[PDB]
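In what follows, a structure is listed as structure tokens, so that the remarks can point back to it.
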Ligand SMILES: CNS(=O)(=O)c1cccc(C)c1F
Ligand SMILES: [Zn+2]
């Protein structure tokens, strides 16, 4: 579990969005595993605007933050998980590291701020759903 809280937006994995998220929907994309809902209180996070490929992610299934190198946002085919079939997922970055289903929503951060959230796992890789191209997250 986990979310990004930027301005009056809550960014979650689409597969973990709640009824309240869907009832207060701003934007969702299944191909990207992302959903954004509206918030009453303003949030503590800053979104990275950059092409970094080094950063740090939180792994709940280790209670640990790991430094990683990651691929740029890409169209990947993802093997079946507990929450999704084997399918192509867009705007996905891969790193070598530990990810189980409950790790989804962990933040990946670089020197410029939040890069994305854990979205895929397995075979010793961790995938992150990029959010850095979402420029409207920064206004309105
Ligand atoms: C098919 N590629 S993608 O994974 O959807 C993607 C990644 C990065 C930037 C863009 C605009 C994009 F289309
Ligand atoms: Zn950066």
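Virtual Cβ from ideal backbone geometry, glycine too; neighbours counted across all protein chains shown. The numbers here are math on the coordinates, done by the rules we state, and not lab data.
For the reader, a short list of remarks on this structure follows.
- Label point distance in nm, residue 82-residue 138, each placed 7 Å from Cα along Cα→Cβ: 3.7
- Alpha carbon Rg of the chain, scaled by the compact-globule rule 2.2 N^0.38 Å: 0.96
- Here residue 98 and residue 42 are evaluated by their C-beta separation; at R0 = 25 Å the FRET efficiency comes out at 0.15.
- Ascending count of other beta-carbon atoms within 10 Å, so fewest first, for 60, 119, 1: 1, 60, 119
- Measuring r between the beta carbons of residue 61 and residue 29 and using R0 = 30 Å, the FRET efficiency lands at 0.75.
- Cα gyration tensor, the stretch 3-44 - rounded (a/c under 1.5), prolate or oblate: prolate
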